[PDB]
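So the sequences go chain by chain: A and B.
For the first sequence, the residue numbers in the deposited numbering are 116 to 250, 262 to 591.
For the second sequence, the residue numbers in the deposited numbering are 116 to 250, 262 to 591.
Take a look at the structure set out below.
Number of protein chains: 2
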Amino acid sequence: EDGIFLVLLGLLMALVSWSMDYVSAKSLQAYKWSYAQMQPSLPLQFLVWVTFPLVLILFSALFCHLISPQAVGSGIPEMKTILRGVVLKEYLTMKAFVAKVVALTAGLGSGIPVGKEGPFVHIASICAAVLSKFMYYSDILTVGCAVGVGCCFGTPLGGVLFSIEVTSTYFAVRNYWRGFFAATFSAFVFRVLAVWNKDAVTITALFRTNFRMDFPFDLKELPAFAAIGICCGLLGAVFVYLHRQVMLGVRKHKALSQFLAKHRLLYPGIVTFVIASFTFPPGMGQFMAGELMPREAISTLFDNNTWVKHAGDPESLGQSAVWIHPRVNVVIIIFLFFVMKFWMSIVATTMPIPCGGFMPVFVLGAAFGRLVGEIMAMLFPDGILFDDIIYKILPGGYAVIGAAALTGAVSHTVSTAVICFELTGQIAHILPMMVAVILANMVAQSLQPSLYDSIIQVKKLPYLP
Amino acid sequence: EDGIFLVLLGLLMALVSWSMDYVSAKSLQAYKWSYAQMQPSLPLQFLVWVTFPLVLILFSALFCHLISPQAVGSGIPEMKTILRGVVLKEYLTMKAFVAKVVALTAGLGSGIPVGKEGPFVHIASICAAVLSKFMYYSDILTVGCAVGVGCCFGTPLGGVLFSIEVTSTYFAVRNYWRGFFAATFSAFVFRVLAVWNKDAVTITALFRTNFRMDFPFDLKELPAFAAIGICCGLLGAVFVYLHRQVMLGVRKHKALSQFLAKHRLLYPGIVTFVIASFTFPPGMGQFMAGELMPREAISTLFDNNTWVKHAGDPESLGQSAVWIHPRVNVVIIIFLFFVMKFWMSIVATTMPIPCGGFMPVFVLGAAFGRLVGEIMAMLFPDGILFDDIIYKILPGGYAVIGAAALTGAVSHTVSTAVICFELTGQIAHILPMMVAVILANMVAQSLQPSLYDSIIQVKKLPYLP
Ligand SMILES: [Cl-]
Ligand SMILES: [Cl-]
Ligand SMILES: [Cl-]
Ligand SMILES: [Cl-]
Numbered sequence: 116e117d118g119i120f121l122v123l124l125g126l127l128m129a130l131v132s133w134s135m136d137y138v139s140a141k142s143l144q145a146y147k148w149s150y151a152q153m154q155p156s157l158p159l160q161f162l163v164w165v166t167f168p169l170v171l172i173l174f175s176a177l178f179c180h181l182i183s184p185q186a187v188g189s190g191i192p193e194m195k196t197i198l199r200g201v202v203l204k205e206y207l208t209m210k211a212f213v214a215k216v217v218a219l220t221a222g223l224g225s226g227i228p229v230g231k232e233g234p235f236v237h238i239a240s241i242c243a244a245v246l247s248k249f250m262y263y264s265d266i267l268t269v270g271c272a273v274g275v276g277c278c279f280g281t282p283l284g285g286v287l288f289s290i291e292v293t294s295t296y297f298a299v300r301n302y303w304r305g306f307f308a309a310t311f312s313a314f315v316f317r318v319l320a321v322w323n324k325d326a327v328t329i330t331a332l333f334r335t336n337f338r339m340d341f342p343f344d345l346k347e348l349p350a351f352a353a354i355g356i357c358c359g360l361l362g363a364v365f366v367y368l369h370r371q372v373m374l375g376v377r378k379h380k381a382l383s384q385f386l387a388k389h390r391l392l393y394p395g396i397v398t399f400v401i402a403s404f405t406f407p408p409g410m411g412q413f414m415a416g417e418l419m420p421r422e423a424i425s426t427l428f429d430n431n432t433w434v435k436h437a438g439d440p441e442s443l444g445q446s447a448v449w450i451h452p453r454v455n456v457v458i459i460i461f462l463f464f465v466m467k468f469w470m471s472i473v474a475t476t477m478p479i480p481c482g483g484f485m486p487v488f489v490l491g492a493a494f495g496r497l498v499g500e501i502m503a504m505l506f507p508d509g510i511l512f513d514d515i516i517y518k519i520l521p522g523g524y525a526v527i528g529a530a531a532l533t534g535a536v537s538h539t540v541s542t543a544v545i546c547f548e549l550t551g552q553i554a555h556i557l558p559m560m561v562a563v564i565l566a567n568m569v570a571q572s573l574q575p576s577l578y579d580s581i582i583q584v585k586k587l588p589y590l591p
Numbered sequence: 116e117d118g119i120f121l122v123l124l125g126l127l128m129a130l131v132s133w134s135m136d137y138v139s140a141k142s143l144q145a146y147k148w149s150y151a152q153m154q155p156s157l158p159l160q161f162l163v164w165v166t167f168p169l170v171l172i173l174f175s176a177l178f179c180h181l182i183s184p185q186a187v188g189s190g191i192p193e194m195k196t197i198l199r200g201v202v203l204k205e206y207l208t209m210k211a212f213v214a215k216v217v218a219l220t221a222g223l224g225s226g227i228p229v230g231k232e233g234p235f236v237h238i239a240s241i242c243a244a245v246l247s248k249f250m262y263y264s265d266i267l268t269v270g271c272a273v274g275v276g277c278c279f280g281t282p283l284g285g286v287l288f289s290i291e292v293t294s295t296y297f298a299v300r301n302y303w304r305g306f307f308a309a310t311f312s313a314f315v316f317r318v319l320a321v322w323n324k325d326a327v328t329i330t331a332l333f334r335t336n337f338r339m340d341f342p343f344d345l346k347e348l349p350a351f352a353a354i355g356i357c358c359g360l361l362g363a364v365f366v367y368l369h370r371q372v373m374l375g376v377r378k379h380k381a382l383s384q385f386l387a388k389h390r391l392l393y394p395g396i397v398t399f400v401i402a403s404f405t406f407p408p409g410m411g412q413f414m415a416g417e418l419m420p421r422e423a424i425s426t427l428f429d430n431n432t433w434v435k436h437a438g439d440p441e442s443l444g445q446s447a448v449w450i451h452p453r454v455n456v457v458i459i460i461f462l463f464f465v466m467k468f469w470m471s472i473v474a475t476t477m478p479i480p481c482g483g484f485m486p487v488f489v490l491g492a493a494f495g496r497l498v499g500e501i502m503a504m505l506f507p508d509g510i511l512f513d514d515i516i517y518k519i520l521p522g523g524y525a526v527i528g529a530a531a532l533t534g535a536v537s538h539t540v541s542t543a544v545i546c547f548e549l550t551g552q553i554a555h556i557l558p559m560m561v562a563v564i565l566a567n568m569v570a571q572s573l574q575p576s577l578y579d580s581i582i583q584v585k586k587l588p589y590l591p
């Protein structure tokens, strides 16, 4: 019967993931078009920029309130609690499935720092439970997690490895085989649908990069990759620390908690309003590449161009031209993007909506990575002679490493190295990604608990040692 | 103390692996040069072609006999037995380490189908045990296996995943973390040494390929990838079946066993002599690309050229020119290579030397893969129009899939998909590799037990259910 269960779980999740991306994309196109149509008047540009995401976030928060409060958050803290032996039954119901899928879709389409992966671990877990009931949570949820990550982005190995790291002491080998099968199948279907819908041509990586694959880096820049690893460790520790402090403040502050406890939806309202206010292009958005939606932030941060060099005509960068302000060195623009998004990301992940920190952190990591890359590009401008031609620093490589390393530091995982290279489609940098991730973890684990463990402690979940 | 143990295990194995490759390479250069120096006289070309490998194989077999009989074979059947709870103490001694490393090196340098990976799982396992004793076999050997594969080729994930599949029921998460760390570190050092010794320039994949990474295949050829998967399943089942029959025959036949039991070294002698006799270039080697040593068989089978099209001047193929006989379609040459090597590989893996079937099967798989690729290249010669240019079938992709799939079928593993793409350095074909491997396993597991399990049964090892 496993053949039926595993195929249907895999297939149905491929369809949920694909449909969600389809709709999310349409929301963002509607947003950009609507904004563009107001081009001659700043008050209307502001109105659109801000109200479009207020509507979607308030809808998301409200929908969960009305259908299933258990849909709020990333799921993973509760799934871990269940894997440890305490069955929080209320998080594996069809009501949560509906609330989660609907509200998440609305959230993603807003442009607000809301991840997708976290929620998919939960969505797949529920599906696995429901199919099983229709037709032993340690095995249901383990397969679920692998499928969730797999179908979320089209990243099979990422999923399987994740399903191991989320366990307690012992992992059953039988789940390795079941998870691997289902996650691979699901990912395959997901990418084929993209081709069918004229958005891929062949089966490809989700955020495919275009690095040289020929002398991709020298040994002389390995110290930079190592430095990114260590720095990501520290940044990750800070991210988690501050996240905790925000959650506790909102819940415990003597007066704030009285107010927000009654007037629900103020918190979503205000958080969203402020993030939108700062990102408006004519205001600070021009200094933060604020026109970029999460996927475009990734697409441009993993570019193969060297922004500090592309003078004369910035339009030659295509979409990446958004980073080249007429009066500000691109290094500063990257710095400001990182800093501003850092706190926006922390706060956004505390809103009462479906959300997660994987993709927010991934982007912050990429930004940090280019900051390092673009700076070295100004220090070693001459390049290296090999086989009669000159090879130069390729900052996109640093972005890829930074994304993996910071994610690692925040979650306490090494699976992120794999998810990241499956997303880019190129493995020129495997060994330095893996080393940077290990270093990031050694540092982060010595300072602060995983993001998920901080949440488990804060929410006082019945997590057995 | 784990920090010391894991670093030293990782480091020392990187040095054993690197040193072994260094020496193996020198033996092969000596072999080819010596052969070339006899160019005007066929009797001397024959003498060199054959006697060079007789000396090395007989040395290998003899050395193990004299130092440690327990060094013979692939180790893995015994390591699995130990992981199940029966401590075959005699296979984790320094005597085995010495016999194994010395005899293996000699074997690899002969050009005879002798793998490297199997033996490295064992070599690393012994090192892990010895360091531990110097300073709980389930944890010693699990880390050992990850390091073995890691340092063998420079393939971290391959190692970690392998260390899971070799276990019984439960895998300890703590070993995931220890193995991942050590295998990554070891692989890193291994590749850096290659750069230092002027054999890499940067850190690279071991057998780096050069595929387009742009429209790498169409959906219309996915049925071929699937067909390779299924066929590999069947071929794998046959390989294992025949391997078993040979082992049993040698041990049980009424008269043969009497003879060979006394006159040791006849079996190595005769097997080696025959494999050499058939591969001699002026004889059948010209119809089997017999000039190629294992690594060159891989390098040319994973080429980015289309051999059935490269008419006019075969020298434009460089090294791959060896496959283009003046009077024989390259498809036949590939076919004969596959068939002849298939039985040579089976028999070679029964000799009383350090050896294994991973790399032999890997090559057979690659050959089969191109056979499919090169044939389709003659059926769909027109190509596909995309972005104003024409894309055509790229058979090297089929070779990569075939290598992974056949290996999968023979061992009953999916980790081979990962080892394979880490070896090529390109992940354009991840999803079709993974699907082909899954299909190969579904077929093979329905027909015959893993190569290793057949051996465990044949040798009557005390393998608890
Ligand atoms: Cl969360
Ligand atoms: Cl996320
Ligand atoms: Cl063997
Ligand atoms: Cl091998």
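Backbone N, C-alpha and C define an ideal beta-carbon position, used for all residues, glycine too.
- Counting only beta-carbon distances shorter than 5 Å to the non-hydrogen atoms of ligand 1, the qualifying residues in chain order are A/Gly188, A/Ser189.
- In this structure, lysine 231 of chain B has its CB closer than 7 Å to one or more heavy atoms of ligand 4.
- By the criterion of a C-beta distance shorter than 7 Å, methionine 466 of chain A is surrounded in its chain by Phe404, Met414, once the five residues flanking it on both sides are discounted.
- DSSP lists no bridge partner for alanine 474 of chain B.
- Every alpha helix (DSSP H) of 4 residues or more that sits fully in the region 452-530 of chain A is shown, in chain order, as 456-474, 484-502.
- A straight line joining the alpha-carbon of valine 526 of chain B with that of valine 400 of chain A spans about 51 Å.
- Ligand 3 has a heavy atom closer than 7 Å to the beta-carbon of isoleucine 581 of chain B.
- Check the Cα spacing between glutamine 154 of chain B and each of B/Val202, B/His237, B/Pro407: the tightest is with B/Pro407.
- Chain-ordered, the chain B residues with CB closer than 8 Å to the CB of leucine 345 of chain A read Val318, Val321, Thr328, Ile329.
- With a cutoff of 8 Å on beta-carbon distance, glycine 233 of chain B and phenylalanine 484 of chain B are scored as near each other.
- Within the same chain, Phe178, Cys179, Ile182, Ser183, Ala186 come within 7 Å of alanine 214 of chain B by CB-CB distance, once the 5 residues on both sides are set aside.
- If you draw a straight line from the Cα of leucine 382 of chain B to the Cα of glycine 411 of chain B, it comes to about 30 Å.
- Against chain A, the beta carbon of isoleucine 290 of chain B has neighbours under 7 Å at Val299, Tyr302, listed in chain order.
- In the three-state scheme derived from DSSP, where H, G and I count as helix and E and B as strand, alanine 298 of chain A is classed as strand.
- Chain B places a beta carbon closer than 8 Å to that of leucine 557 of chain A, counting this residue as a contact.
- Between the region 564-581 of chain B and the region 188-199 of chain B there are three or more C-beta pairs closer than 8 Å, enough to call the two in contact.
- Residue pairing by DSSP places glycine 188 of chain A opposite A/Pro480 in a beta bridge.
- Annotation for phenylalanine 484 of chain A indicates a beta carbon within 7 Å of some heavy atom of ligand 2.
- Scanning chain A for C-beta atoms nearer than 8 Å to the C-beta of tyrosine 296 of chain B yields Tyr296, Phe297, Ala298, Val299, reported in chain order.
- Exclusion of the five residues before and after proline 168 of chain B leaves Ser225, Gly226, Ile227, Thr398, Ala402 as the residues of its chain whose Cβ lies within less than 7 Å of its Cβ.
- Within its own chain, the residues whose Cβ lies closer than 6 Å to the Cβ of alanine 272 of chain A, once the five positions on either side in sequence are excluded, are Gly285, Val286, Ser289, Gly305, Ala309, listed in chain order.
- Distances taken from the Cβ of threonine 196 of chain B to the heavy atoms of ligand 3 include none shorter than 7 Å.
- Around the Cβ of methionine 209 of chain A, a 10 Å sphere holds fewer than 16 other Cβ atoms; the residue is exposed.
- Scanning its chain for C-beta atoms nearer than 6 Å, with the 5 sequence neighbours on each side dropped, one finds around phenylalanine 235 of chain A the residues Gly274, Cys278, in chain order.
- Check the Cα spacing between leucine 345 of chain B and each of A/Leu123, A/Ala326, A/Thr539: the tightest is with A/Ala326.
- Within a 10 Å sphere around the beta-carbon of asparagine 430 of chain B sit fewer than 16 other beta-carbons, which makes this residue exposed.
- Of all C-beta pairs linking the region 343-363 of chain B to the region 515-524 of chain B, three or more are shorter than 8 Å, placing the two stretches in contact.
- DSSP lists A/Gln552 as the bridge partner or partners of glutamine 552 of chain B.
- Of all alpha-carbon atoms in B/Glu441, B/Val584, B/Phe161, the one lying nearest the alpha-carbon of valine 376 of chain B is that of B/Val584.
- Short of 8 Å from the beta carbon of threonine 426 of chain A, and not among the five residues preceding or following it, lie these beta carbons of its own chain, in chain order: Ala415, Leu418, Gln445, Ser446, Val448, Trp449.
- The alpha carbon of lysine 435 of chain B has as its nearest neighbour, out of B/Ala129, B/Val536, B/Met502, the alpha carbon of B/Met502.
- Pairing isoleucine 510 of chain A with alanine 554 of chain A, the inter-Cα distance amounts to about 18 Å.
- Using a Cβ-Cβ cut-off of 8 Å, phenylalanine 512 of chain A counts as an interface residue toward chain B, since at least one Cβ of chain B sits closer than that to its own.
- Closest in C-alpha terms to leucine 123 of chain A, from the list A/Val216, A/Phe311, A/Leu368, comes A/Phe311.
- Not one heavy atom of ligand 3 falls within 7 Å of the beta-carbon of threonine 542 of chain B.
- In the displayed model, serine 425 of chain A falls within a helix according to three-state DSSP.
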